[PDB]
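Peer 1: Sharing an experimental structure here, sequence included.
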Amino acid sequence: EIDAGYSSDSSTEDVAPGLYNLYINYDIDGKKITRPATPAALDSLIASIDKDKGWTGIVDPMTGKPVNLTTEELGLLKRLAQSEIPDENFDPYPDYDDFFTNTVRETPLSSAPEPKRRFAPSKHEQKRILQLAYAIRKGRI
Amino acid sequence: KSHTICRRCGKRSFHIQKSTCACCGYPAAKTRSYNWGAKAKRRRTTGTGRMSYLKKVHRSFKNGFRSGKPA
Amino acid sequence: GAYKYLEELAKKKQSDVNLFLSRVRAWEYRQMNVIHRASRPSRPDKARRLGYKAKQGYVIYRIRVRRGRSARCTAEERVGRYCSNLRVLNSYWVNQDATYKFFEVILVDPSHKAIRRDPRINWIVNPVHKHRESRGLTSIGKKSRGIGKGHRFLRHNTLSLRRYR
Amino acid sequence: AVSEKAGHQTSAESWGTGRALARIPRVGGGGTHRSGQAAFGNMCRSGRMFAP
Amino acid sequence: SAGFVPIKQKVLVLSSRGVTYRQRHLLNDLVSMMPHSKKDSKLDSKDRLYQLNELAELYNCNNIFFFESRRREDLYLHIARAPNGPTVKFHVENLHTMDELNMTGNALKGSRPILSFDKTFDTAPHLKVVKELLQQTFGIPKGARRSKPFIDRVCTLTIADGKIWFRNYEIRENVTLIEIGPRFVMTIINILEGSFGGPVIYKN
Amino acid sequence: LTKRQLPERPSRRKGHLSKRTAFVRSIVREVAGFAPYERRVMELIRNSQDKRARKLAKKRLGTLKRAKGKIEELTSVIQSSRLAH
Amino acid sequence: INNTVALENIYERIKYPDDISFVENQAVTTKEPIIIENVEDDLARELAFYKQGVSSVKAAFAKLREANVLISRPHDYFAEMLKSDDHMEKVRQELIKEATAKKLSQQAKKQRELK
Amino acid sequence: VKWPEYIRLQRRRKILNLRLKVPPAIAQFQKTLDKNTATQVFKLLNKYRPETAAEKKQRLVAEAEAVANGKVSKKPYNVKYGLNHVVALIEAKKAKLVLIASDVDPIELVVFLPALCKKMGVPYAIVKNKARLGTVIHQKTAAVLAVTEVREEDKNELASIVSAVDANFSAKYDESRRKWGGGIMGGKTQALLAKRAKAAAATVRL
Amino acid sequence: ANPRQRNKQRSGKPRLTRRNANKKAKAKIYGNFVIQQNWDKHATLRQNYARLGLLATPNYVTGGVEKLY
Amino acid sequence: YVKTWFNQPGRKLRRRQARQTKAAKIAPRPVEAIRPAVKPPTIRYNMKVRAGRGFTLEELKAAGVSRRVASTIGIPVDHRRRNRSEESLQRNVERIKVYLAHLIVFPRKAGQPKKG
Amino acid sequence: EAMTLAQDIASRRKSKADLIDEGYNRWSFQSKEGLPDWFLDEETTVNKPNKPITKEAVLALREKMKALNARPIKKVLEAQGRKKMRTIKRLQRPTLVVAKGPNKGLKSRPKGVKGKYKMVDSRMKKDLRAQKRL
RNA sequence: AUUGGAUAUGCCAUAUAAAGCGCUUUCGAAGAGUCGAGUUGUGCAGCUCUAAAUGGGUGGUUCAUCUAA
RNA sequence: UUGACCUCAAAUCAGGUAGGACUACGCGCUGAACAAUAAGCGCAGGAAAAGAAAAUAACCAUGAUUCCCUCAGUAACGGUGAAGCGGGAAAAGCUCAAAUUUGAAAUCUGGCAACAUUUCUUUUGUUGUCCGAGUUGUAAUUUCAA
Ligand SMILES: [Zn+2]
């Protein structure tokens, strides 16, 4: 079978925080989660008057506190917003990889047999020689 | 005065300030035509003038647009 | 023949070769005018299969149109107006960036004797091919108006009264 | 048949209600014997015939 | 790994090209109804349906849902067990959407329902298999993501002249149930012993 | 009536892979390089994240069969390179 | 061709264990074999369906009562619902119009006798 | 100083192609055959120039007169030119020495030729300018030349040229053609860019 | 009626009249000389082909043929 | 928009003249080509037999005509149609074979130089 | 653009792993390391991918750009007052004719009539009574 | 008068040429920012992503038919 | 130093070409209030457009396009509204890209010069010669029916 599991990177997952009413209502099995106490007015004023680095202004549903990106998250956002490779150590300029031409092909590519054009005097010149012959005997040339 | 003679269509409809005729649209290359003005078209269309060259083409078609002189 | 290698090489448009050249040429085309003459096609493979022969009377014009009606259809109509003495044969895609899409338009001189004496392009000298790009008769013009054979693509509201009815 | 555009070629609109004239449309403009004359009607001179 | 936090049942949902506006309405209504179903883009091949096992292994979904529209006038639904398992083809008729004015039921999205099957589902073998398979699919397993803990709705399955009737109801406090809105007449066509393959084991 | 078996028309031969077109396509595939998404896909396959690679290719191309063909193409590039590297 | 042995083998292979709690499965099979012969009369079958659902709901509630699972949804629950709130406004308007039509019909009937 | 627009475009393209990172298939054309061997290559190539348009007509009218009065030759030896013709010769494994111009304008016309030449087992070299190749064949330009047959007199000469190309172009470079080209900077450019980079990385991240 | 048409109605130049409107005239035969000699200009082509011993169409005729006797 | 048929007699005579103008151009030969016999594609119509477009490449080859001279002598060719049954093949071979027996082919003028 | 992206990472709506994979595109491999200013300046002006934009990020940016003294007591009271008093100063800033005698058969504004006016001819009285009865 | 396609006939003809049919112990190239997926507009277009080689398109209950850019 | 080529300029440079009018019919684009409509915009011809199947069908199969009759107020969609088949009018088929002519760029524009030719001193060519275009590909050959 396939165990019907969940991968660590599945696009569907719990908790969908939105733009910062408090959704501290319940949890699984229908039990009321305790509402975290509102932060101190002095601390809330400090956060509102001085935005932290990477202040997203997004609150998770479980707690009323805002969610702020960490240093690595700010680093990834910087790379993404500036349109560079989002992996610091990943060579975008690898050496030439001759996986096909590293071995010599022993036979010609086509199998079509040689025409007899290539082993007999050319017909285009013979055609022009006859044309020039006609011109000479008619006095044009 | 607010209108003068238009050089193209010869009508006293050339606006002094905008430098544009209200009848034909001079100095624009294309003449001013509007299908809602059906009578406006029939007042200045082909045939309302000498039509000297078109009458020459019409007359010269029958013999095949030939040239030269007879015997 | 080298035209096979060019055809399969133009299929991979983001590979290392095709991404490096795309930016280098896109900047180069931006330095020039919006509509400028192209001395030779940048894709000899694509122009060849669209009707272009490397003889006198065939013209290539490169144009960039802002992205964001079909861009290809706009390219042919702007070029055909710019070169009003030629006929728009066909057109193709050469490059693009975030702002512009670059096209090359193949035109044909209907007054050139190498064109007027060529039985395979004589058809374009007849007056019914005047401004094919303007009347939706080019390859992209046909597609933009749904011309095709299948089910995917005035007889309705008229009342037809016969003599004996 | 009559012309499809016979009788329609004038530019006439009803002069309005309350002016002591029949509300039949009258030709506008001025300076001719035609201006003020009613049009667009079977009963009117130079008007469309009834059921052409 | 093979799976982190393995939920008992997961569903994979697909739609074929040429689906109607109402058919797309029903499909969107369903994916909202079971939250443990992973939606997927259109399948280009209306003929090579045996690839769905590879899609199922990829997304870790053991229950496959395919909504095939034929001639833009017929709607079919293939429901299968992704690893081996049975594949049952149904025909859909007399559709009903959420946006219908008459149907005024309102349920919590992801709320675990109660499955009520008609006892006729226990009469014939193929009916026993279909009932068990539909139970394992519609029944939201415990711990499913985006699911609600409260119980609010009941899904009813009944057999009438060999036709399955599926009706969802909302329980009001006092049962006094209200029709939620998903109302369609089901018709079993055939059952395949394998996942979109194998010999036919039941024919209409 | 007496049924007649018909020959194959030349138009139904289309899609057959030629030896010269296979040679040309492999020569060009190496020369051009790989697309940005192809480079990322090969990293995932090298890191044995096959499930993530297939999901990425399907996301990029838009169809499972196109993804399955691309993953087979790139993994054959990886093994052929690793044989020569 | 309707292979009962094959179906029985498949049913046994994919059979959910009977020891599974009703909380985990939340599937109830009605003990009474409700039969609606009048298939054409959908109104008659609606009562049978409601009765079967009511019986199933009562059985599930009794079974889940010992499971200490909150059957009732608290009035403070404001999570996302299957039916959109915007769509509920249109549904309420349609019900209001239908209710008003019935009220007008009753008023007109009373007015007919009044006059 | 106010340069014209086309002159500014010319020099910017020269610098831009240097600062950017050129892929290995396009950077291998920056490394051409050395000056000494190229001279020896063209010495052999100029003994097999295709005959001029006048010289061909001169020969044909000479044979035309003979038949006009009253009346067998050898296979012509020369150098092979033309992109499609040469590519067909390489795939036929008939070419003995392929000489690719280093500045073909749409570079993808010749970008596959070094790989195709190495795949088929053909000794090849990248020589300077499309005009030197054009001069040999009485044209203004040759994207590529090729030698398939030479007279028995020059069999030993070609075997020496092929060895020199092998020793001076294929044995040399080799790893140098597998490396991404470009990124070359002036004497003071890195220092200026280092100051710009550190200034930008400080707080100019927006 | 038109300003163009009234232009030449009042003009003194005569109209470019060509008298080519001769209906009922059946085209004369070039091509074969033998056919031209034995062809009579009154009869239709179906009557001439039948009389000369030839077929006007190798297919069926999409109408009722004539019956004189 | 009303479509009228007052030119119905005018159209009928114009076509009869056009047929007459064709016969003027090409007199010893029929004004129509020889169409094959085919069976319509439906269960409603497959009992009948109507005229197709051209004779398939196998019908020409079996009769003895090549696909190059077929158009010259007035035999239309249909590269699309094929012979799924011997009944259709044998029917149209005899349609051509009757045509060839009833056909007079006038000789052309062949240019021939002084020498060979 | 960065705020829409930053919101997506924090709000977990778009998976971080998927964002990294979506960052390997045609534009990320067009590196800008070491390019001259005359090239980069046009590249950013022209070759800049236009990513989608969400209203939530627009509001959040406005919140960031909101200075401490953007709307103090004066700029919220007198600035509101000047607009209000301006609007106040902005705010402070039919005849029956019978169709008889010289008024009969008119087409436009009659003599000695100004403003809104109505015309009556005593024939519309019949229509008026009928309309009243309707 | 001015012309059209034939016929008869004279002269010229660069045939060391060109073609059909028939045979194969030999070969057979087939159109890409296009198809397509997603999304937003009115099959078509924009945007994002972006292919394949008995492949791809369209139909039907594996089959039939067709061979786009 | 001298010279090849690439790109880009200049000329009252040699010869050409485009614009505007008409607009019934034709082809695109745009488009309302109450209709693939009117108006507005672009572009042609004596017809235009379409056109030699990435077409139907499920038959004993049909065979480019166009138009007519019919299908048919039918199917479908929810009042709108087809198409396949069938009967008829007319019939005609084809050209490229992708192949090494490689024992020979066999191809072509222009100048000059003769020579003819003409609806025509007004038209149209031919023959010679020279400069060029062209190998980053002009001819012959092939287009899947092969
Ligand atoms: Zn004027």
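Peer 2: Noted; the coordinates are in hand. Numbers count the residues shown, from 1 in each chain, chains lettered A, B, ... in the order given.
Peer 1: what about residue 79, which helix or strand?
Peer 2: All of this is about chain A. Using DSSP states H and E, residue A:79 sits within helix A:71-81.
Peer 1: Let me rephrase: I mean chain K.
Peer 2: helix K:73-92.
Peer 1: Kindly indicate whether the residue most central in space within chain I is helix, strand or coil.
Peer 2: Central residue of chain I (Cα atoms, centre = their mean): residue I:26, 3.4 Å from the mean position. The three-state assignment at residue I:26 reads coil, by DSSP: H, G, I helix; E, B strand; the rest coil.
Peer 1: right, and it touches residue J:22 too?
Peer 2: No: in this structure, residue I:26 is not within contact of residue J:22 by Cβ atoms under 8 Å, at 11.9 Å. For every residue, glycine as well, the C-beta is placed using N, CA and C.
Peer 1: Summarise which helices and strands the next helix or strand after the helix holding residue A:79 is packed against.
Peer 2: Using DSSP H and E, the next helix or strand after helix A:71-81 towards the C-terminus is helix A:123-137. Contact partners of helix A:123-137 among helices and strands, from 3 or more Cβ pairs under 8 Å, 6 or more residues apart in numbering or on different chains; DSSP states H and E: helix H:53-69.
Peer 1: Leaving out chain neighbours, which residue sits closest to the residue nearest to the centre of chain I?
Peer 2: residue J:20 (5.1 Å; Cβ to Cβ, 6 or more residues apart in numbering or on different chains).
Peer 1: so what's that neighbour up against?
Peer 2: Listed by Cβ atoms under 8 Å, 6 or more residues apart in numbering or on different chains, the contact set of residue J:20 reads I:26, I:27, I:44, I:45.
Peer 1: Mind listing what's buried along the strand or helix carrying it?
Peer 2: Element membership of residue J:20 [criterion: DSSP H and E] is helix J:8-25. Neighbour-count burial for helix J:8-25, counted by 16 or more other Cβ atoms under 10 Å in any protein chain shown, picks out J:19, J:20, J:22, J:23, J:24.
Peer 1: ok now that helix, how far from the chain's centre?
Peer 2: Distance, stretch centre to chain centre, for helix J:8-25: 20 Å (Cα atoms, centre = their mean, to the nearest Å).
Peer 1: repeat for stretch I:44-62
Peer 2: 17 Å.
Peer 1: Same question for stretch A:59-68.
Peer 2: 31 Å.
Peer 1: Is that stretch in proximity to chain K?
Peer 2: Yes: on the criterion Cβ under 8 Å from any Cβ of the partner chain, stretch A:59-68 is in touch with chain K at A:67, A:68.
Peer 1: in that stretch, what counts as buried?
Peer 2: A:59, A:60, A:62, A:64, A:66, A:67, A:68.
Peer 1: Number of residues surrounding the residue in chain D that chain G sits nearest to?
Peer 2: Residue nearest to chain G within chain D: residue D:17 (39.0 Å; Cβ to the nearest Cβ). A count of nearby residues for residue D:17, using other Cβ atoms under 10 Å in any protein chain shown, gives 14.
Peer 1: repeat for residue H:65
Peer 2: Residues near residue H:65, counting by other Cβ under 10 Å: 15.
Peer 1: Excluding chain neighbours, give the residue nearest to it in space.
Peer 2: residue A:136 (6.1 Å).
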